[PDB]
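Notes for the one structure printed next.
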Amino acid sequence: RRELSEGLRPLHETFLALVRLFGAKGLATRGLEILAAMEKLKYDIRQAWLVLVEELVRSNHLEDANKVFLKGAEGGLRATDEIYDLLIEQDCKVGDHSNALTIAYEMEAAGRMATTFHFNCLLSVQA
Amino acid sequence: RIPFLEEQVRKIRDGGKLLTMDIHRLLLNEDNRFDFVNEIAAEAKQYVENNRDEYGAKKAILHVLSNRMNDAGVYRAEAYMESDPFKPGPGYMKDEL
Amino acid sequence: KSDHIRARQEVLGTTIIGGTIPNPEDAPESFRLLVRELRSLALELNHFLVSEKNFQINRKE
Amino acid sequence: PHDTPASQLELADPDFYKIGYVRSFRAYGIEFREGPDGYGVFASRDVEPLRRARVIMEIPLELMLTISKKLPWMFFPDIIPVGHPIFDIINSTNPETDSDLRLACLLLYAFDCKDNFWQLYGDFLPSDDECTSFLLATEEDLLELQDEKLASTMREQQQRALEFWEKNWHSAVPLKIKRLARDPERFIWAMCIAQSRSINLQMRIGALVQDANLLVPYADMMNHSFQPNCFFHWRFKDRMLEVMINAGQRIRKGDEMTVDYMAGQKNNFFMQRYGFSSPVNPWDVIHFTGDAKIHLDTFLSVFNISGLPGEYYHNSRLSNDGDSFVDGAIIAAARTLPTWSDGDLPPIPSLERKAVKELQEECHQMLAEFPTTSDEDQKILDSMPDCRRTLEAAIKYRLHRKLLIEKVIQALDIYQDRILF
Amino acid sequence: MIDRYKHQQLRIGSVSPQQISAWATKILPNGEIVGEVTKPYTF
């Protein structure tokens with residue numbers, strides 16, 4: 001806030017560190033506020049959103065990471081294959097088949113097809 | 001250029017065969033025609049939900065097809081709707097045999 | 001256009017206003033009749049659609 | 001008369017479009033203009049950002065030469081009759097490594113085959129003098145390249161071409177084969193045309209979906225760019241290859257339509273296959289053995305580079321004009337420069353200054369390694385207005401590499417300056 | 001290419017008298033049970 005009141009646009013590294021700290025603690029809503037602040041400042045929010053969802057998965061906040069990923073996918077952003085695999089595997093291990101199937105549908109819509117790994121993860125819950 | 005092909009092209013444009021040609025051209029760029037039909041239906045539903053009063057004498061499906069044709073480099077009238085300039089007056093309608 | 005009383009009632013309103021006609025999800029009166037008849041014959045019939053998302057069974061009446 | 005890249009060139013012959021037109025080739029919104037470098041495709045209409053792609057070219061399959069990639073050699077433009085020994089020559093090749101030989105043989109037979117579109121299209125093809133490929137190059141050009149690896153590879157490819165011609169086109173060969181390539185220079189030119197104008201696309205004809213190497217007319221007249229405006233899509237129903245403008249991009253009258261070959265390759269592969277080099281190549285790699293490491297995040301920040309390491313672009317929206325120093329050269333630098341990233345640890349100015357000074361020393365060493373300078377290369381280039389295309393390509397490659405090293409030095413200096421704000 | 005999974009299963013079987021009773025049994029506000037037909041009169 002002091003840097004912003006100073007009239008200087010904050011660096012991308014500062015916002016990235018703030019997003020990482022919010023993901024480590026678990027404050028997904030403040031992370032989305034930071035992402036919107038980055039977007040209104042014309043910064044690209046793909047890498048920051050990926051770091052946010054990765055930290056939320058690591059911080060055991062699976063549902064928050066899932067809804068943040070769904071919001072990002074609805075926005076139009078794309079995700080890396082590792083994020084897809086991590087989200088699907090964690091959702092299937094927890095037992096949430098709905099979010100896993102939704103992430104798989106979003107992945108197939110984004111152009112990446114599904115392999116035997118995702119289907120086995122889904123069948124782990126379907127059985 | 002054939003010399004005596006004015007009336008034929010005029011009748012092709014007036015009758016509505018342009019719609020059939022555009023449908024064939026848009027189906028020549030689609031694997032499954034059923035998904036194309038569903039996509040056109042969804043786009044027309046969005047157009048109707050956006051502006052209800054706009055339609056009623058202008059077809060949203062024809063509007064979608066005309067927008068898709070215009071975005072492809074081919075000029076088409078909006079929703080393939082044309083008026084007869086030679087109409088005699090109000091309340092007078094042509095008889096198409 | 002044939003049997004769905006509610007949908008048919010809504011069709012006139014949607015056409016007069018100009019809104020899009022939603023796809024009916026309830027069973028027609030012909031199916032409901034069958035169920036009633038078969039259950040008069042002591043035979044049950046339930047739709048029982050299952051959601052692929054959360055694996056839950058939902059009865060349609 | 002507004003100055004446009006198309007206006008400087010001259011319009012092409014009407015016949016060039018006509019031969020395709022009578023055979024169903026169709027072009028919408030584009031003009032063909034000839035020049036000193038060669039034919040090129042330019043726009044003739046203002047196109048606003050579109051929701052979907054627009055088709056500028058429709059090229060039928062009956063005007064193309066296509067060979068399948070895998071072992072079953074299927075010629076869907078089946079101009080080779082059964083039992084012809086040209087198929088025996090084509091099949092007697094390794095399936096994986098050598099594909100230009102089969103395309104060259106097919107092009108030669110198409111030139112021989114009557115009532116074929118390529119018989120008329122070959123006149124507009126670049127001649128041996130107009131061709132810029134390094135297969136049609138002397139030893140002087142390979143020596144002027146100043147790169148031993150690339151010169152050795154090109155010499156080995158020329159040797160392979162000569163050996164293949166001497167093996168397949170022997171004296172006892174039938175006359176129908178001998179009339180194809182009577183001299184080895186014709187076969188070398190055929191291989192040059194095949195290599196410099198090959199397209200690798202997946203096509204579907206009927207029920208079969210396969211990947212193949214095709215020689216498509218009117219699609220090889222588009223120049224190369226790393227920010228393409230068009231791409232080669234395939235239409236299976238009409239069995240035509242269509243060039244479509246990228247969606248969401250604004251094209252104005254006079255712009256040059258461009259397509260990308262080998263997205264993600266260094267200038268070595270470009271200079272090897274197409275005989276071309278670009279100073280703004282974002283995939284160039286400069287081998288630095290210095291122990292020093294620059295900070296990647298601060299570098300991309302000071303140079304306003306956004307995106308993942310697999311997709312880098314200059315965010316000119318944050319750029320607010322001004323900085324135009326940023327281009328593909330600095331992107332390739334950031335990709336090749338040794339970088340360190342350790343969580344969120346902030347960079348130290350003294351360590352980064354030592355790193356950039358060591359990098360500048362190593363870059364000055366590498367620049368001194370070449371027995372020439374940028375000014376000397378530019379003077380040699382302007383001194384020879386008309387000369388061999390291969391020598392011009394060689395000196396341009398040298399100048400591009402030297403300018404890349406110089407721009408890396410300048411970018412390191414700008415980083416050292418701007419890091420302390 | 002994950003398909004859109006639609007799962008609908010109609011089921012038929014013999015019904016217990018308890019279910020055919022619960023199809024008609026209703027509890028009025030006073031507390032009586034309705035549903036039993038006992039008189040042949042229609043109108």
Side-chain angles (χ1 to χ4, degrees), chain A residues 70-77 98 101-102 104-111, chain B residues 16-52 55-82, chain C residues 1-29 31 47 49 51-53 58 60, chain D residues 48-54 247-248, chain E residues 2-8:
Chain A
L70 290 183
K71 233 67 60 181
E74 292 176 0
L77 301 180
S98 59
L101 187 58
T102 307
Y105 282 150
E106 288 289 339
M107 175 211 307
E108 289 198 335
Chain B
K17 306 187 64 58
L18 317 176
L19 186 60
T20 68
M21 305 190 308
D22 297 359
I23 287 177
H24 278 265
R25 200 271 180 270
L26 293 183
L27 286 179
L28 286 179
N29 301 121
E30 198 70 44
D31 180 68
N32 189 19
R33 55 187 186 270
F34 305 133
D35 301 359
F36 193 62
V37 170
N38 295 19
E39 180 179 9
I40 292 185
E43 190 169 0
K45 177 181 176 61
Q46 282 186 173
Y47 278 16
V48 167
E49 247 65 26
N50 290 332
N51 296 119
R52 290 186 178 180
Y55 308 107
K58 159 188 176 184
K59 300 304 177 301
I61 312 160
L62 302 186
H63 191 20
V64 170
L65 296 178
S66 61
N67 291 140
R68 291 209 177 189
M69 290 302 299
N70 291 20
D71 295 1
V74 183
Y75 175 78
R76 287 289 181 266
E78 185 173 3
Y80 301 91
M81 182 173 179
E82 289 286 344
Chain C
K1 298 211 301 181
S2 307
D3 236 299
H4 210 180
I5 303 179
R6 190 206 61 179
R8 81 199 172 194
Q9 163 232 174
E10 297 176 321
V11 146
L12 297 179
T14 51
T15 315
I16 291 177
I17 298 176
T20 308
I21 300 179
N23 298 20
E25 71 186 291
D26 309 327
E29 267 283 352
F31 181 79
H47 188 4
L49 33 80
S51 61
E52 72 286 346
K53 298 297 181 179
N58 305 325
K60 262 196 175 175
Chain D
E48 60 101 20
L50 303 177
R51 302 169 57 92
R52 278 168 283 271
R54 177 179 298 183
Chain E
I2 303 184
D3 305 330
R4 304 291 179 176
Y5 302 103
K6 47 166 298 182
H7 299 143
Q8 304 174 355

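Chain A is the first sequence line, chain B the second, and so forth, proteins listed ahead of strands; every chain is numbered from 1.
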Atom of D/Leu50, atom of B/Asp71 and distance for their closest heavy-atom approach
CD1-O, 3.5 Å

Write down the atom of B/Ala60, the atom of B/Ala44, and the distance for their closest heavy-atom approach.
CB-O, 4.0 Å

Step through the shown structure and confirm whether more than 12 heavy atoms of other residues, nucleotides or ligands are within 6.0 Å of NZ on C/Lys60.
yes

Donor-acceptor under 3.5 Å (B/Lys59 side chain, B/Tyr80 main chain)
no

With a cut-off of 6.0 Å (strictly less than), are more than 12 heavy atoms of other residues, nucleotides or ligands near CD1 of B/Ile61?
no

For side chain to side chain contact (heavy atoms under 4.5 Å, CB included), just list the numbers for B/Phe36 and B/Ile40, CA-CA rounded to whole Å, side-chain angles, deciding distance to a tenth of an Å, and then say yes or no.
CA-CA 6 Å; B/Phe36 193 62; B/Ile40 292 185; 3.4 Å; yes

CZ of B/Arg52 to OG1 of C/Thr20, rounded to nearest 0.5 Å, is 7.0 Å

Go through the steps for B/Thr20 and B/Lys17 under the test side chain to side chain contact (heavy atoms under 4.5 Å, CB included), then give the verdict.
CA-CA 5 Å; B/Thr20 68; B/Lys17 306 187 64 58; 4.0 Å; yes

D/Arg54 and B/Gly73: which non-hydrogen atoms are nearest, and at how many Å?
NE-N, 3.5 Å

Just one of B/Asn70, B/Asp22, B/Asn67 clears the side-chain hydrogen bond (donor to acceptor under 3.5 Å, both in side chains) bar with B/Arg76, so which one?
B/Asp22

Calculate, to the nearest 0.5 Å, the distance between atoms CG and NZ belonging to C/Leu49 and E/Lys6 respectively.
10.0 Å

More than 12 foreign heavy atoms under 6.0 Å from CD of B/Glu82: is that the case here?
no

Which residue pairs pass the salt bridge (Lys or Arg N to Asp or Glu O under 4.0 Å) test with at least one member in residues 8-19 of chain C, sequence neighbours excluded?
C/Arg6-C/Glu10

If you measure from NE2 on B/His63 to OH on B/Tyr55, what distance do you get to the nearest 0.5 Å?
4.5 Å

CZ of D/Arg52: more than 12 outside heavy atoms within 6.0 angstrom?
yes

Which atom pair, heavy atoms only, marks the closest approach of C/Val11 to C/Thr15?
O-OG1, 2.6 Å

What's the separation between atom OG in B/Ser66 and atom OH in B/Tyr75, rounded to the nearest 0.5 Å?
10.5 Å

For E/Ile2 versus A/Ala104, what's the shortest heavy-atom pair and its separation?
CD1-CB, 3.7 Å

Pairwise side-chain contact, B/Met81 with B/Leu62, heavy-atom cut-off 4.5 Å (strictly under):
no

Interatomic distance, CD@C/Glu52 vs CG@E/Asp3, rounded to 0.5 Å, equals 12.0 Å

CD1-CE distance between B/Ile23 and B/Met69, expressed to the nearest 0.5 angstrom:
10.5 Å

Stepwise, does the side chain to side chain contact (heavy atoms under 4.5 Å, CB included) test hold for C/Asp26 with C/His4?
CA-CA 8 Å; C/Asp26 309 327; C/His4 210 180; 3.5 Å; yes

